Structures are given as C-alpha cells and as structure tokens.
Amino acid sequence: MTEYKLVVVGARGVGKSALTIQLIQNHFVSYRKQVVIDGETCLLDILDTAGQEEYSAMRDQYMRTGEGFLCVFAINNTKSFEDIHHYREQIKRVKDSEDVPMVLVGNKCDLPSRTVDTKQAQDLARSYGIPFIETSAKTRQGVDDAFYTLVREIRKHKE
C-alpha cells in the first residue's frame, strides 16, 4: 500500500489544523488515515499544520519529504490570499523543482464576510496550473475533495 505525505500550508488562522482535524475525525472545534482514492487504497499522512515561520535547515529537510501541499487561505482575510505566492515559492525552493504537486484551497466559505472572490482564486489557480477547491472546516464541505485532489495531483506528477 502506497503512502502519500501531505503538508498543509497557509497564513495564520486560515484553518489548516481545522481542515485536517475535520478530515480525520470528521470533527470541528499524529495525522494518518487509510482511504481509497480512484481504486488505489493508500494512506494519507499530514506532515504539518503549523503556520509559524521557521527557515531552519531542519524544517527545510522536513518539508522536502512532503509530497503534496495544500496552499490554504481564508476568504475572510485578503492578506492570506496574497501570501499564497510566498508559500508556493518556498515549496519550489525546498523541493528544488518548478513543478510540485499543489492545490490552492480557500477555507471558511461558510462565513458571510467574503473578501476574496471565487473568480480571483480560480484565475490564480489557472495561472499556477493547479486545482482550486473551496472548503469549510465547519461544514465538512469540500474537505475530502481537497485532499484527494492533492493525492490525484501527486499521482499525476509521477509521469
């Protein structure tokens, strides 16, 4: 059985931890789960949900082992969406490649204070060549699709 190491990334408070907790235990307030995605049973292992900033050679060596990345921003926060570029570029640096499995994730679509329009993110995702999924850690909406899509983008990257 193949194992897919995923890293959840984003600005502070975008809901990285909430999404992963919602993914595993189906609950909203070690990250491993066996799942069947496109007929191939695999094991998802979330590597990090902490948004603190640390450019240590050890964390680089830790992020370098991750196979997929969920770039998460909150649509209630404009700067979380603007920083997506920086998180994406840091992934390119540690992976030492321009094409790395990635998925842009917009969290907190249940909140009524949207400041980042959906049209903006799909345009940004279309420029990045990666899928874009709107998610809600409170309502389970899109959580499964967002991680499985990243697993799909990891299988796509292995030629």
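So that there is no doubt, residue numbering starts at 1 and follows the sequence shown.
Unmodelled deposited residues between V29 and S30: 4 to 9, per the record.
Mean CA temperature factor is higher for 117 to 125 when stretches 60 to 68 and 117 to 125 are set side by side in the entry. Higher mean CA temperature factor between 141 to 149 and 9 to 17: 141 to 149, per the PDB entry.
Highest CA B-factor among the listed residues (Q90, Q52, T41, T49): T41.
In the deposited entry, the Cα temperature factor of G106 sits in the middle third of values across the chain's modelled residues. Among all modelled residues in this chain, the alpha-carbon of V100 has a temperature factor (C-alpha) in the middle third. In the deposited entry, the Cα temperature factor of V35 sits in the top third of values across the chain's modelled residues. Looking at the C-alpha B-factors along this chain, the one for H85 belongs to the middle third.
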